[PDB]
>>> print(open('my_file_12.pdb').read())   # PDB, C-alpha atoms
ATOM      1  CA  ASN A   1     -16.371  -2.031  23.672  1.00  0.00           C
ATOM      2  CA  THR A   2     -13.368   0.292  23.035  1.00  0.00           C
ATOM      3  CA  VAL A   3      -9.554   0.459  23.136  1.00  0.00           C
ATOM      4  CA  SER A   4      -7.231   3.273  24.246  1.00  0.00           C
ATOM      5  CA  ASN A   5      -3.587   4.255  24.779  1.00  0.00           C
ATOM      6  CA  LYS A   6      -1.543   7.305  25.828  1.00  0.00           C
ATOM      7  CA  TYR A   7       1.296   9.574  24.634  1.00  0.00           C
ATOM      8  CA  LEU A   8       3.689  11.888  26.535  1.00  0.00           C
ATOM      9  CA  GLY A   9       6.900  13.844  25.898  1.00  0.00           C
ATOM     10  CA  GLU A  10       9.082  16.946  26.313  1.00  0.00           C
ATOM     11  CA  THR A  11      10.865  17.291  29.589  1.00  0.00           C
ATOM     12  CA  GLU A  12      12.849  20.487  29.066  1.00  0.00           C
ATOM     13  CA  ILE A  13      16.303  21.872  29.879  1.00  0.00           C
ATOM     14  CA  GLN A  14      17.368  25.217  31.359  1.00  0.00           C
ATOM     15  CA  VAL A  15      20.489  27.007  32.604  1.00  0.00           C
ATOM     16  CA  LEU A  16      21.537  26.720  36.257  1.00  0.00           C
ATOM     17  CA  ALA A  17      23.246  29.558  38.076  1.00  0.00           C
ATOM     18  CA  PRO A  18      25.095  28.644  41.290  1.00  0.00           C
ATOM     19  CA  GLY A  19      22.355  28.381  43.887  1.00  0.00           C
ATOM     20  CA  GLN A  20      19.623  29.318  41.412  1.00  0.00           C
ATOM     21  CA  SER A  21      17.206  26.510  42.331  1.00  0.00           C
ATOM     22  CA  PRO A  22      15.304  26.936  38.987  1.00  0.00           C
ATOM     23  CA  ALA A  23      11.648  25.939  38.489  1.00  0.00           C
ATOM     24  CA  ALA A  24      10.591  22.741  36.678  1.00  0.00           C
ATOM     25  CA  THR A  25       9.026  22.372  33.202  1.00  0.00           C
ATOM     26  CA  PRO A  26       5.849  20.283  32.745  1.00  0.00           C
ATOM     27  CA  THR A  27       5.261  17.257  30.527  1.00  0.00           C
ATOM     28  CA  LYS A  28       1.830  16.972  28.925  1.00  0.00           C
ATOM     29  CA  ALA A  29       0.009  13.739  28.111  1.00  0.00           C
ATOM     30  CA  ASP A  30      -2.878  12.649  25.907  1.00  0.00           C
ATOM     31  CA  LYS A  31      -4.845   9.574  24.859  1.00  0.00           C
ATOM     32  CA  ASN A  32      -6.258   7.974  21.713  1.00  0.00           C
ATOM     33  CA  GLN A  33      -9.181   5.541  21.595  1.00  0.00           C
ATOM     34  CA  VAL A  34     -11.183   3.504  19.075  1.00  0.00           C
ATOM     35  CA  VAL A  35     -14.767   2.188  19.234  1.00  0.00           C
ATOM     36  CA  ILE A  36     -16.493  -0.883  17.752  1.00  0.00           C
ATOM     37  CA  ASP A  37     -20.242  -0.632  17.116  1.00  0.00           C
ATOM     38  CA  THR A  38     -21.095  -1.996  13.643  1.00  0.00           C
ATOM     39  CA  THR A  39     -21.426  -5.427  12.020  1.00  0.00           C
ATOM     40  CA  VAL A  40     -21.893  -6.678   8.447  1.00  0.00           C
ATOM     41  CA  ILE A  41     -23.762  -9.765   7.191  1.00  0.00           C
ATOM     42  CA  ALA A  42     -24.531 -11.560   3.914  1.00  0.00           C
ATOM     43  CA  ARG A  43     -27.736 -13.610   4.071  1.00  0.00           C
ATOM     44  CA  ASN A  44     -28.387 -15.088   0.588  1.00  0.00           C
ATOM     45  CA  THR A  45     -31.218 -17.547   1.247  1.00  0.00           C
ATOM     46  CA  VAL A  46     -31.939 -20.524  -1.032  1.00  0.00           C
ATOM     47  CA  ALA A  47     -35.311 -22.164  -1.671  1.00  0.00           C
ATOM     48  CA  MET A  48     -35.991 -25.872  -1.200  1.00  0.00           C
ATOM     49  CA  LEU A  49     -37.672 -26.897  -4.457  1.00  0.00           C
ATOM     50  CA  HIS A  50     -35.123 -24.943  -6.496  1.00  0.00           C
ATOM     51  CA  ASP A  51     -32.413 -26.892  -4.662  1.00  0.00           C
ATOM     52  CA  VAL A  52     -33.607 -30.301  -5.874  1.00  0.00           C
TER      53      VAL A  52
ATOM     54  CA  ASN B   1     -24.858 -30.032 -32.276  1.00  0.00           C
ATOM     55  CA  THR B   2     -24.400 -27.644 -29.335  1.00  0.00           C
ATOM     56  CA  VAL B   3     -22.700 -27.416 -25.949  1.00  0.00           C
ATOM     57  CA  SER B   4     -23.259 -24.899 -23.172  1.00  0.00           C
ATOM     58  CA  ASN B   5     -21.507 -23.249 -20.234  1.00  0.00           C
ATOM     59  CA  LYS B   6     -22.989 -21.765 -17.058  1.00  0.00           C
ATOM     60  CA  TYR B   7     -21.878 -18.859 -14.865  1.00  0.00           C
ATOM     61  CA  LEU B   8     -22.515 -17.798 -11.263  1.00  0.00           C
ATOM     62  CA  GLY B   9     -23.100 -14.273 -10.009  1.00  0.00           C
ATOM     63  CA  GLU B  10     -21.617 -12.331  -7.115  1.00  0.00           C
ATOM     64  CA  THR B  11     -23.037 -11.832  -3.634  1.00  0.00           C
ATOM     65  CA  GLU B  12     -23.298  -8.393  -2.030  1.00  0.00           C
ATOM     66  CA  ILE B  13     -23.338  -7.589   1.670  1.00  0.00           C
ATOM     67  CA  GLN B  14     -25.397  -5.349   3.947  1.00  0.00           C
ATOM     68  CA  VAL B  15     -25.347  -3.941   7.469  1.00  0.00           C
ATOM     69  CA  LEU B  16     -26.920  -5.846  10.372  1.00  0.00           C
ATOM     70  CA  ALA B  17     -28.922  -4.203  13.119  1.00  0.00           C
ATOM     71  CA  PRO B  18     -29.297  -6.218  16.340  1.00  0.00           C
ATOM     72  CA  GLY B  19     -32.257  -8.472  15.647  1.00  0.00           C
ATOM     73  CA  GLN B  20     -32.772  -7.138  12.122  1.00  0.00           C
ATOM     74  CA  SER B  21     -32.951 -10.447  10.221  1.00  0.00           C
ATOM     75  CA  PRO B  22     -32.081  -8.733   6.922  1.00  0.00           C
ATOM     76  CA  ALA B  23     -33.651  -9.664   3.613  1.00  0.00           C
ATOM     77  CA  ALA B  24     -31.437 -11.739   1.345  1.00  0.00           C
ATOM     78  CA  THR B  25     -30.007 -10.888  -2.073  1.00  0.00           C
ATOM     79  CA  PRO B  26     -30.124 -12.833  -5.356  1.00  0.00           C
ATOM     80  CA  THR B  27     -27.277 -14.389  -7.346  1.00  0.00           C
ATOM     81  CA  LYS B  28     -28.119 -14.544 -11.047  1.00  0.00           C
ATOM     82  CA  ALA B  29     -26.875 -17.116 -13.553  1.00  0.00           C
ATOM     83  CA  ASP B  30     -26.466 -17.223 -17.324  1.00  0.00           C
ATOM     84  CA  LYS B  31     -25.361 -19.609 -20.060  1.00  0.00           C
ATOM     85  CA  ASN B  32     -23.423 -19.582 -23.324  1.00  0.00           C
ATOM     86  CA  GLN B  33     -23.882 -21.776 -26.402  1.00  0.00           C
ATOM     87  CA  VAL B  34     -22.114 -22.774 -29.616  1.00  0.00           C
ATOM     88  CA  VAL B  35     -23.831 -24.291 -32.651  1.00  0.00           C
ATOM     89  CA  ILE B  36     -22.131 -26.342 -35.387  1.00  0.00           C
ATOM     90  CA  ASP B  37     -24.140 -26.608 -38.602  1.00  0.00           C
ATOM     91  CA  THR B  38     -21.845 -26.391 -41.648  1.00  0.00           C
ATOM     92  CA  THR B  39     -19.201 -28.463 -43.435  1.00  0.00           C
ATOM     93  CA  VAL B  40     -16.485 -27.494 -45.921  1.00  0.00           C
ATOM     94  CA  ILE B  41     -15.162 -29.774 -48.674  1.00  0.00           C
ATOM     95  CA  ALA B  42     -12.573 -29.507 -51.442  1.00  0.00           C
ATOM     96  CA  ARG B  43     -12.866 -31.884 -54.397  1.00  0.00           C
ATOM     97  CA  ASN B  44     -10.801 -32.521 -57.531  1.00  0.00           C
ATOM     98  CA  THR B  45     -11.367 -35.026 -60.326  1.00  0.00           C
ATOM     99  CA  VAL B  46      -8.738 -36.383 -62.709  1.00  0.00           C
ATOM    100  CA  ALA B  47      -9.516 -38.624 -65.668  1.00  0.00           C
ATOM    101  CA  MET B  48      -7.777 -41.921 -66.384  1.00  0.00           C
ATOM    102  CA  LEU B  49      -6.557 -41.108 -69.894  1.00  0.00           C
ATOM    103  CA  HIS B  50      -5.194 -37.741 -68.770  1.00  0.00           C
ATOM    104  CA  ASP B  51      -3.504 -39.636 -65.937  1.00  0.00           C
ATOM    105  CA  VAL B  52      -1.773 -42.127 -68.244  1.00  0.00           C
TER     106      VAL B  52
ATOM    107  CA  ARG C   1      23.968  11.692  -3.395  1.00  0.00           C
ATOM    108  CA  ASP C   2      21.563  12.067  -6.303  1.00  0.00           C
ATOM    109  CA  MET C   3      24.078  13.130  -8.976  1.00  0.00           C
ATOM    110  CA  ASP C   4      24.674  10.770 -11.891  1.00  0.00           C
ATOM    111  CA  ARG C   5      28.425  10.581 -11.236  1.00  0.00           C
ATOM    112  CA  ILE C   6      27.871   8.812  -7.913  1.00  0.00           C
ATOM    113  CA  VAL C   7      24.899   6.722  -9.040  1.00  0.00           C
ATOM    114  CA  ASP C   8      26.176   5.391 -12.371  1.00  0.00           C
ATOM    115  CA  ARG C   9      28.512   2.415 -11.996  1.00  0.00           C
ATOM    116  CA  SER C  10      30.373   3.117 -15.247  1.00  0.00           C
ATOM    117  CA  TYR C  11      31.982   6.274 -13.854  1.00  0.00           C
ATOM    118  CA  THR C  12      35.122   5.531 -11.859  1.00  0.00           C
ATOM    119  CA  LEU C  13      33.764   7.469  -8.862  1.00  0.00           C
ATOM    120  CA  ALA C  14      30.790   5.249  -8.044  1.00  0.00           C
ATOM    121  CA  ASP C  15      29.675   3.847  -4.685  1.00  0.00           C
ATOM    122  CA  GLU C  16      26.958   1.304  -3.926  1.00  0.00           C
ATOM    123  CA  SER C  17      24.750   0.996  -0.832  1.00  0.00           C
ATOM    124  CA  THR C  18      24.935   4.768  -0.332  1.00  0.00           C
ATOM    125  CA  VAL C  19      22.345   5.166   2.410  1.00  0.00           C
ATOM    126  CA  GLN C  20      24.415   5.577   5.611  1.00  0.00           C
ATOM    127  CA  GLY C  21      27.092   7.922   4.288  1.00  0.00           C
ATOM    128  CA  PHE C  22      29.551   7.278   1.498  1.00  0.00           C
ATOM    129  CA  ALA C  23      33.138   7.778   0.375  1.00  0.00           C
ATOM    130  CA  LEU C  24      33.659  10.720  -1.956  1.00  0.00           C
ATOM    131  CA  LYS C  25      36.124   9.252  -4.447  1.00  0.00           C
ATOM    132  CA  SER C  26      37.406  12.513  -5.944  1.00  0.00           C
ATOM    133  CA  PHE C  27      39.604  12.835  -2.847  1.00  0.00           C
ATOM    134  CA  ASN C  28      38.422   9.659  -1.055  1.00  0.00           C
ATOM    135  CA  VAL C  29      37.003  11.164   2.153  1.00  0.00           C
ATOM    136  CA  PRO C  30      33.929   9.974   4.092  1.00  0.00           C
ATOM    137  CA  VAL C  31      30.752  12.058   4.104  1.00  0.00           C
ATOM    138  CA  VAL C  32      28.091  11.326   6.719  1.00  0.00           C
ATOM    139  CA  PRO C  33      24.576  12.762   7.113  1.00  0.00           C
ATOM    140  CA  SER C  34      23.882  14.514  10.407  1.00  0.00           C
ATOM    141  CA  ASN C  35      20.361  15.482  11.409  1.00  0.00           C
ATOM    142  CA  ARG C  36      21.204  18.286  13.836  1.00  0.00           C
ATOM    143  CA  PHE C  37      22.529  21.667  12.675  1.00  0.00           C
ATOM    144  CA  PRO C  38      21.775  25.076  14.207  1.00  0.00           C
ATOM    145  CA  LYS C  39      18.530  26.761  13.173  1.00  0.00           C
ATOM    146  CA  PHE C  40      18.110  30.533  13.239  1.00  0.00           C
ATOM    147  CA  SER C  41      15.151  31.465  15.439  1.00  0.00           C
ATOM    148  CA  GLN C  42      14.618  35.161  14.550  1.00  0.00           C
ATOM    149  CA  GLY C  43      15.691  36.993  17.670  1.00  0.00           C
ATOM    150  CA  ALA C  44      14.899  34.444  20.362  1.00  0.00           C
ATOM    151  CA  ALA C  45      16.806  34.364  23.633  1.00  0.00           C
ATOM    152  CA  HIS C  46      20.512  33.580  23.639  1.00  0.00           C
ATOM    153  CA  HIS C  47      21.396  29.902  23.466  1.00  0.00           C
ATOM    154  CA  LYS C  48      21.990  28.252  26.831  1.00  0.00           C
ATOM    155  CA  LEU C  49      25.471  28.199  28.430  1.00  0.00           C
ATOM    156  CA  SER C  50      26.310  31.438  26.559  1.00  0.00           C
ATOM    157  CA  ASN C  51      27.672  34.323  28.627  1.00  0.00           C
ATOM    158  CA  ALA C  52      28.706  37.857  27.724  1.00  0.00           C
TER     159      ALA C  52
END
>>> encode(input="my_file_12.pdb", output="structure tokens")
Amino acid sequence: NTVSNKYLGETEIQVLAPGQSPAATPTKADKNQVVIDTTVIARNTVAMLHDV
Amino acid sequence: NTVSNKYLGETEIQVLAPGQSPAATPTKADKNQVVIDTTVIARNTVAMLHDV
Amino acid sequence: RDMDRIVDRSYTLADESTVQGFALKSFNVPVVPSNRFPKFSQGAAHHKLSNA
């Protein structure tokens, strides 16, 4: 009934002093989805006598 | 004296609910005609003596 | 790139297919587009690997 996918990015960079042991930088993520719930029809009936 | 041509309309569409059984839509028609009722003549007379 | 001297073929200094960098014919040297130049950040921290 639906479809989805994900995005991610941005690992970062930082300076390193000798023996600094610097903290990490996060990478976020997100998703996008689509839904299907509607239909369309064309009926257009035809009579019998008018057909002959 | 006449001949005719016929045309067909266009169908339009509508949304369907589950189990709706939607009412249909018409497609009109029309005709065109041409009548032929007149003639055109050109006439000239020349006498024999004036021809000689 | 947009100037008429480069674009018009009649001028002696004209180059075709000028999308990936072109040869400037006044002195015949190559010019290449580069996406990355420094951008001033209005008093942000000093750029990495920079020391007093």
>>> atom_distance(input="my_file_12.pdb", atom1="atom CA of residue 5 of chain A", atom2="atom CA of residue 25 of chain A")
23.6 Å
>>> residues_near_point(input="my_file_12.pdb", point="(-10.9, -4.7, 19.3)", cutoff="9 Å", atoms="only C-alpha atoms", output="NGL selection string")
:A and (1-3 or 34-36)
>>> residues_around(input="my_file_12.pdb", residues="residue 30 of chain A", least_positions_apart="2", cutoff="12 Å", atoms="only C-alpha atoms", output="MDAnalysis selection string")
chainID A and resid 4:9 27:28 32:33
>>> write_last_selection(input="my_file_12.pdb", atoms="C-alpha atoms", output="compact mmCIF listing (two decimals), keeping the file's coordinate frame")
# COMPACT_ATOMS: atom_id res chain seq x y z
CA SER A 4 -7.23 3.27 24.25
CA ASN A 5 -3.59 4.26 24.78
CA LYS A 6 -1.54 7.30 25.83
CA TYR A 7 1.30 9.57 24.63
CA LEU A 8 3.69 11.89 26.54
CA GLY A 9 6.90 13.84 25.90
CA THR A 27 5.26 17.26 30.53
CA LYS A 28 1.83 16.97 28.92
CA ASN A 32 -6.26 7.97 21.71
CA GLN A 33 -9.18 5.54 21.60
>>> closest_atom_pairs(input="my_file_12.pdb", of="chain B", to="chain A", cutoff="10 Å", atoms="all atoms listed in the file", output="tab-separated table")
residue	atom	partner	partner_atom	distance
B:11	CA	A:44	CA	7.6
B:12	CA	A:42	CA	6.8
B:13	CA	A:42	CA	4.7
B:14	CA	A:41	CA	5.7
B:15	CA	A:40	CA	4.5
B:16	CA	A:40	CA	5.4
B:17	CA	A:39	CA	7.7
B:18	CA	A:39	CA	9.0
B:21	CA	A:43	CA	8.7
B:22	CA	A:43	CA	7.1
B:23	CA	A:43	CA	7.1
B:24	CA	A:44	CA	4.6
B:25	CA	A:44	CA	5.2
B:26	CA	A:44	CA	6.6
B:27	CA	A:44	CA	8.0
>>> resolve_selection(input="my_file_12.pdb", expression="the PyMOL selection byres ((chain C) within 10 of (chain A))", output="number ranges by chain")
C: 47-50
>>> atom_distance(input="my_file_12.pdb", atom1="atom CA of residue 46 of chain C", atom2="atom CA of residue 32 of chain C")
29.0 Å
>>> atom_distance(input="my_file_12.pdb", atom1="atom CA of residue 4 of chain C", atom2="atom CA of residue 36 of chain C")
27.0 Å
>>> residues_around(input="my_file_12.pdb", residues="residue 33 of chain C", least_positions_apart="4", cutoff="10 Å", atoms="all atoms listed in the file", output="ChimeraX atom specification")
/C:19-22
>>> write_last_selection(input="my_file_12.pdb", atoms="C-alpha atoms", output="PDB file, in the coordinates of the input")
ATOM      1  CA  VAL C  19      22.345   5.166   2.410  1.00  0.00           C
ATOM      2  CA  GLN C  20      24.415   5.577   5.611  1.00  0.00           C
ATOM      3  CA  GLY C  21      27.092   7.922   4.288  1.00  0.00           C
ATOM      4  CA  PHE C  22      29.551   7.278   1.498  1.00  0.00           C
TER       5      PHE C  22
END
